[PDB]
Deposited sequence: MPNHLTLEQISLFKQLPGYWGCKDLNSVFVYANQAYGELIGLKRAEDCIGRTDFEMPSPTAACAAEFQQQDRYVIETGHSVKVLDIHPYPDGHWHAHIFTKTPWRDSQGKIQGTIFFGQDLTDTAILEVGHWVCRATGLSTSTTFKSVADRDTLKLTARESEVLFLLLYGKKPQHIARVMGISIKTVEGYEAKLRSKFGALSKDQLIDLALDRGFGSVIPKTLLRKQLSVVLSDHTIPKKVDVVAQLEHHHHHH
């Protein structure tokens, strides 16, 4: 059995986290998540779905549940970029980790969600260094528009044009125009080479500022470093 001292760690572990059952009905949410989602007491989440929270995040509950069902049906964990207006009147950005929740015999019985704030330390501007065979190099242009920057960021995290068009609220053909502009600016011969050239220049380290005021919930491809 846990001591009260250890239970205080359960109460104080940072982040925004909880678990849901197989129908994405909340089973627990910590106090930080409850306050973020507009509730006075986080216990008031229990028995509700994402559609039923007093929060604009509920506009994206279908996407949350599609992510949950993917975790449940494959057993894979995902990382989700979540950008929403919240009942406190501010836009927030988080990465939510979603993993299977298992019972005592190892069977999947729901999902665990674990969110961390994206701070200004993650919204830097792109530098001017380039990966080399050894070390790095810099000069002494790749100036991108807002839409171009948003398309590039999503491409670098594994998103297809159909995903990007749905995230940005534009047509697939419009995304292809931005892809072509990006390929020209980077001098890339292919979409795959565009990704390589952009990654070697630090474009993966920067969330475009205009993305921080677009409501979205999108799984980001995630791989260990190094690999």
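The chain's deposited sequence has unresolved stretches at 1-3, 144-152, 240-254, with no C-alpha coordinates there.
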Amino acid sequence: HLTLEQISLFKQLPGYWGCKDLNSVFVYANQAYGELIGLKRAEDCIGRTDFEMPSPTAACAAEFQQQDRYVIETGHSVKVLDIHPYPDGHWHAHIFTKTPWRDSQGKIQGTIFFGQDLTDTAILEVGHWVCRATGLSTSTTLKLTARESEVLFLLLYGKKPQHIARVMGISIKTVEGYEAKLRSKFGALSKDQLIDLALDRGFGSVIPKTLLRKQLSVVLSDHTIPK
From here on, numbers count along this sequence of modelled residues.
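Higher average CA B factor: 128-136, of the stretches 128-136 and 152-160. Per-stretch averaging of Cα B factors for 31-39 and 172-180 places 172-180 on top.
Comparing the listed residues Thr145, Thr111, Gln116, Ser77, the entry records the largest Cα B-factor for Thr145. Among all modelled residues in its chain, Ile123 ranks in the highest third by Cα B-factor. Among the modelled residues of the chain, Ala61 sits in the lowest third by CA temperature factor in this PDB entry.
Placement of the Cα temperature factor of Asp192 within the chain: highest third of the modelled residues, per the deposited record. Residue-level temperature factors show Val167 in the highest third of its chain, judged at the C-alpha atom. The deposited CA B-factor of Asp44 belongs to the middle third of values across its chain.
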